[PDB]
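These notes are about the structure you will find just below.
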Amino acid sequence: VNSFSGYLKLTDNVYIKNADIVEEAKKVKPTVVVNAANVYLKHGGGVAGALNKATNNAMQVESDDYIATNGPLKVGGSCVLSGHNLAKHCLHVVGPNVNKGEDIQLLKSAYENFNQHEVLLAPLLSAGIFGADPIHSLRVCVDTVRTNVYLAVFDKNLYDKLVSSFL
Ligand SMILES: CC[C@@H](CNc1ncnc2nc[nH]c12)NC(=O)CC1CCCCC1
């Protein structure tokens, strides 16, 4: 038993809710919150800008030191950093950004990072400002992630469409 509330059950291991990931994080304080990152860990908008704003920019400061030491992430890759005031850890995961021309096949690789963590609070990768089909992202999630994932979808209208089309 965990502390996530009002999630609809999609599969054995995938749950979904119409919620702002920042508000879910602040209420739950999960072990892992997933950030929808880019390779430079420049957290400007969408999930990344919203989480970073909620950390008072501490996420960005930590991320800049990470990049200065390690260089950019790979598309499809990830790193574990602090969750600051939102979670124990933040798993920064880079899904492909279709609005930049990146291979959508890399979305499966991105979701594979979730399997290194038993339970995660996460957004829909590559969707929203990253430009990919959200129904496809949810499908890849369900077909790739084997650990327990609690998906927070910000847009109400999209959430209704995702559930109603899941089948
Ligand atoms: C589906 C991914 C999600 C990612 N963004 C966020 N996901 C969770 N919590 C967040 N808090 C702040 N941003 C958050 N984007 C949205 O839902 C917005 C809709 C995308 C399609 C077109 C209509 C808008």
* To do: Looking for whichever is surrounded by 19 or more Cβ atoms within 10 Å (Cβ to Cβ), closer than 23 Å to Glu102 by Cα, in contact (Cβ under 8 Å) with a residue 24 or more places away in the chain and touching a strand residue (DSSP E or B) at 6+ places or on another chain (Cβ under 8 Å) here; the options are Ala87, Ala25, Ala19, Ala37. Which one fits?
  => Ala37
* Single residue of the range 118-149 satisfying the filter (within 17 Å of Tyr7 (Cα to Cα) and polar (S, T, N, Q)) that is surrounded by the fewest Cβ atoms within 10 Å (Cβ to Cβ) -> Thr147
* Structure fact -> Restricting the range 40-53 to residues that are touching a residue at least 12 places away in the same chain (Cβ under 8 Å) and small (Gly, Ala, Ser), the one surrounded by the most Cβ atoms within 10 Å (Cβ to Cβ) turns out to be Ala48
* Asked: Out of the residues in the range 128-137 that are touching a residue at least 24 places away in the same chain (Cβ under 8 Å) and closer than 18 Å to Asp160 by Cα, which is nearest to the ligand (Cβ to nearest atom)?
  -> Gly128
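Here Cβ is always computed from backbone atoms with ideal geometry, including for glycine, and neighbour counts include all displayed protein chains. Coordinate-derived values only; no laboratory data.
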